[PDB]
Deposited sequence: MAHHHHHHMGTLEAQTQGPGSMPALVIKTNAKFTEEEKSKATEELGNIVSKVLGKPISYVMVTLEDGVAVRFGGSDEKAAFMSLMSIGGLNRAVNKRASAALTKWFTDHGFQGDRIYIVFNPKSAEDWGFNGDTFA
């Protein structure tokens, strides 16, 4: 099951945040080959961000999935496109990939 954690200094409305987690979650499902059921998306807006010395609009992202280099390039491009289509500049978008193991994952009070 993949997880996407997003921090940004942009301010979103509740409607914008709800739509965003839906669209970004659907992007993760398509690129990663998992059903939408397994996708967890977290969005924290209005956090103080400084990237390259500037506090201009920016976004930081971490993607955790239970089990590569090929997919990460594809994931990087698809997630960035959403932000560039919503007022962001592609050089202010930052993604970190952290794949994890089954025993290090919990759900419904049990591991895998």
Completion exercise
No C-alpha coords for deposited residues 1-21, 89-90, 136
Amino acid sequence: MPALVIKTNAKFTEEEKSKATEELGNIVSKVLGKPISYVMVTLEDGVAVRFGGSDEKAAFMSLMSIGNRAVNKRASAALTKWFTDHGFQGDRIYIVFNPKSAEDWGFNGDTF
From here on, numbers count along this sequence of modelled residues.
Fill in the blank from the handout: For 31-39 versus 47-55, entry-based mean Cα B-factors point to 31-39
Fill in the blank from the handout: Entry B factor averaged over C-alpha atoms, 56-64 against 73-81: higher for 73-81
Handout entry: Per the PDB entry, maximal CA B factor within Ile93, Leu24, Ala102, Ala10
Key = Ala102
Completion exercise
By the entry's values, the third containing the CA B factor of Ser18 is the middle
Practice task
Classify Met1 as lowest, middle or highest third according to the C-alpha B-factor given in the PDB entry, relative to its own chain.
Solution key: highest
